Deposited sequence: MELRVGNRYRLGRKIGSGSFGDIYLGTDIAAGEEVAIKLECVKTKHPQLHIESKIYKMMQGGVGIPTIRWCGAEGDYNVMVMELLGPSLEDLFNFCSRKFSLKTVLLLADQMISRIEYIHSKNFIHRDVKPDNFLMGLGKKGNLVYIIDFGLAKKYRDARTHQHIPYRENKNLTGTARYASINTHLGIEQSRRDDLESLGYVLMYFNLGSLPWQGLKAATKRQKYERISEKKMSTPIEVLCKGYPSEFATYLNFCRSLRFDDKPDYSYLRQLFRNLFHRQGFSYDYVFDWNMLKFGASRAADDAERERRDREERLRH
């Protein structure tokens, strides 16, 4: 027979994995809406879907945060059903032959910084910023970048008093080592500045096609990353990328970042380049011949 979850979500193929398990395509038979269903087996080894779910319900309403459809349990499974979106920035990056133009980078950089800014205003730090965790919406919102996966998310300050967490060494799950900030490698507790630093690496990745410490291991990546000076990394690209990264490496653990300044750098460069703020990305141009 047809496999269904709960009472109305028809389960489909496995579209991918995440931190808290795998994401499957699903169909709200009750209204014909293809959704994304995240499943977690009852093995209380480290049950987390309940947590990430709360954070999603907390970040609800903000621009670029997916809407959770339903939550529950089906046999040996915890189920979080959520709004299905479009391609991720990694899918789009490969779709464009792993080449983004300066325009697309800046267009993306503008929205990514704001998504991060929003998450922080809600007292949390994402802790795992990478191309895979940013998805383009569909339809009317095809021009909106979404931030997903609050699996490694952590609260960085008391929600009421806003008392920042203490400067201590890290005792928690790590994210990708490729986009990790230096502090993460040094074993220090992450804060707002770390989410931003990683973004710096995501942008250079979009520009470069591959980071210099890619394809080598953690101890090595740490070394290579610490050994590759910024100016050498951002070589041949607008100084705004190196300025962006330096600014980030400069923040103090509990400093509040100047998000306006970071968006400003790229915007001024945008205008100076003569680009227009239409949302015509490389992938939109590819149908005519070149996503470059």
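Asks: Pop the missing stretches of the deposited sequence into a list, counting residues from 1 and keeping sequence order.
Replies: Residues missing from the model, as numbered along the full deposited sequence, span 217 to 223, 300 to 317.
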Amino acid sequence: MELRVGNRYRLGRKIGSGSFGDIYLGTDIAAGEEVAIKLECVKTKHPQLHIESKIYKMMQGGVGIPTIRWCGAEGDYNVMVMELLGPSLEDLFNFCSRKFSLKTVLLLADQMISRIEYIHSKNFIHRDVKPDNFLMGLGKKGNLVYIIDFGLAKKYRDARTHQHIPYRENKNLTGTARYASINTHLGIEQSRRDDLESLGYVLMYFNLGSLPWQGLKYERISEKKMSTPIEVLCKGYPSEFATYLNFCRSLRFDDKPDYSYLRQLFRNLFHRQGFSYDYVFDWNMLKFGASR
From here on, numbers count along this sequence of modelled residues.
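Asks: Pick between 162 to 170 and 114 to 122: the one whose mean CA B-factor in the entry is higher.
Replies: Comparing 162 to 170 with 114 to 122, the higher mean C-alpha B-factor belongs to 162 to 170.
Asks: Between 137 to 145 and 86 to 94, which has the higher average C-alpha B-factor in the PDB entry?
Replies: It is 137 to 145.
Asks: Per the PDB entry, which option out of 49, 55, 265, 230 has the greatest Cα B factor?
Replies: Among 49, 55, 265, 230, the PDB entry lists the largest C-alpha B-factor for 49.
Asks: Name the residue from 283, 275, 279, 20 with the greatest C-alpha temperature factor listed in the entry.
Replies: Comparing C-alpha B-factors across 283, 275, 279, 20, the top value belongs to 20.
Asks: Sort the modelled residues of this chain by their C-alpha B factor and say whether residue 242 lands in the lowest, middle or highest third.
Replies: Lowest third - that is where residue 242 ends up once the chain's C-alpha B-factors are sorted.
Asks: Looking at the temperature factor on the CA atom of residue 234, which third of the chain's modelled residues does it land in?
Replies: Middle third of the chain for residue 234's C-alpha B-factor.
Asks: State the tercile, meaning the lowest, middle or highest third, of residue 74 with respect to the CA B-factors recorded for its chain.
Replies: Tercile = highest for this residue's CA B-factor.
Asks: Mind checking which third residue 249 falls in for C-alpha B-factor across the chain?
Replies: Within its chain, residue 249 is a lowest-third residue by C-alpha B-factor, going by the deposited values.
Asks: Using the B-factor values recorded in the entry, state whether the Cα atom of residue 220 falls in the lowest, middle or highest third among the modelled residues of its chain.
Replies: Highest third - that is where residue 220 ends up once the chain's C-alpha B-factors are sorted.
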